[PDB]
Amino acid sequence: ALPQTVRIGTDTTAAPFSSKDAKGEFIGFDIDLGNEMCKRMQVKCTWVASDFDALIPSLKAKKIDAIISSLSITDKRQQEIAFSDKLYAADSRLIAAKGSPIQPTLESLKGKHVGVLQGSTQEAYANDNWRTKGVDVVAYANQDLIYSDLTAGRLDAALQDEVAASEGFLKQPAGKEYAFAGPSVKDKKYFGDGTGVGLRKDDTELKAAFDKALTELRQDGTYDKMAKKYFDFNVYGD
């Protein structure tokens, strides 16, 4: 009763999890996971690019069937949609210029310009904790714009997923003179517990198939094989 084609929405400004190569094709760990799960599910899968903040609306409107886009499993989102089991762990952390004294605190940030991705958990955290209290929190339609405004000095800092920032910006030439500003920001309520496949709540059979495939590809070591392409550490977490 699975669809012949599972349509999977993703935002492509999140290397090494999801982005586009020079041909415009989807690449990254999210794509590898999604493709491998679909293979084991014996379904065709079609990737659909969209802005991050359009993913959950598109899912609810049935324009896509699933979201694989470093989508954090939060209490708040679970009131709207369902999730597969955890795909990998994710933390949030600030980045700023190398040498910056910036810390993820109100005192340190009050007066600064801080970029966040529209529709993200980081946007939610920053709006409640920082924007109300004077911090210029600027929301962006995609993370590419954020990095651009940061390196152009239009932003002083940016709050986003730690691993994506590290592997996709900081460890790349463009992020050479940038670094994490302070430790990971810990807030269980806002940031949730790793990422998962976002699904409509009533698609019970689809969720069971993703979950089965995920457990199996983890059990036979395929997960770790695919992960080693991008990461030299345990990206799954606990």
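Don't overthink the numbering: it's just position in the shown sequence, from 1.
Once the C-alpha B-factors are averaged per stretch, 196 to 204 and 167 to 175 rank with 167 to 175 first.
Higher mean CA temperature factor, per the PDB entry, when comparing 151 to 159 with 89 to 97: 151 to 159. Taking the deposited Cα B-factors for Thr132, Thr121, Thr105, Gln78, the highest one is held by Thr105. Ranking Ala15, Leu217, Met226, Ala22 by Cα temperature factor from the entry places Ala22 first. In the PDB entry, a CA B factor belonging to the middle third of its chain's modelled residues is recorded for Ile146. In the deposited entry, the Cα temperature factor of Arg40 sits in the middle third of values across the chain's modelled residues. For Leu109, the recorded CA temperature factor ranks within the highest third of the chain's modelled residues.
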